[PDB]
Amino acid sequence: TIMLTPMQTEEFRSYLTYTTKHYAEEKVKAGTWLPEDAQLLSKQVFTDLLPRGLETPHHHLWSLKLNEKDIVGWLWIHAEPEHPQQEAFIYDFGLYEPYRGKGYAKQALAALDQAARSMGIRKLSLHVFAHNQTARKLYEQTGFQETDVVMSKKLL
């Protein structure tokens, strides 16, 4: 069973250093940002989104735990303030490498729905880099549907 627990002091900091570098690398792979810029741009994006870290209102950061000594992953959603459709955006979701391939991801996704609905969230929204095919499949399989797609192409 995957339980969601509000991230603690240390789990958060480590997570911040992690997703901060990751987001940057994902933006490079997507071809949106430049290598020598990725790191810096990322830090700023996450600092602006979380001025007060865990204290930042309406933001909910969880450490997906399989049990008490196994932190399989993370989950970060933002519950819009009185959103006209009570929607929440998922800023981040995933499992640490040494826990992927067991199917916990999908289980984590079912706990998210459960935990979100108990909170009064009636809709989930999220961004996923197109190059993350595997993760796109998982989302689709668990019910998510595409709404917007960004595309590009290099010329001569």
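Residues carry their position along the shown sequence, with the first being 1.
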query	finding
Greater mean Cα temperature factor according to the PDB record, 105-113 or 92-100	92-100
Residue stretch of maximal mean CA temperature factor, 125-133 vs 43-51	43-51
Record-listed C-alpha B factor of residue 118: chain third	lowest
Assigned third (lowest, middle, highest) for the C-alpha B factor of residue 155	highest
Third assignment of residue 75 from its chain's C-alpha B-factors	lowest
Residue 10 by Cα B-factor - lowest, middle or highest third of the modelled chain	highest
Among modelled residues of the same chain, the CA temperature factor third for residue 69	highest
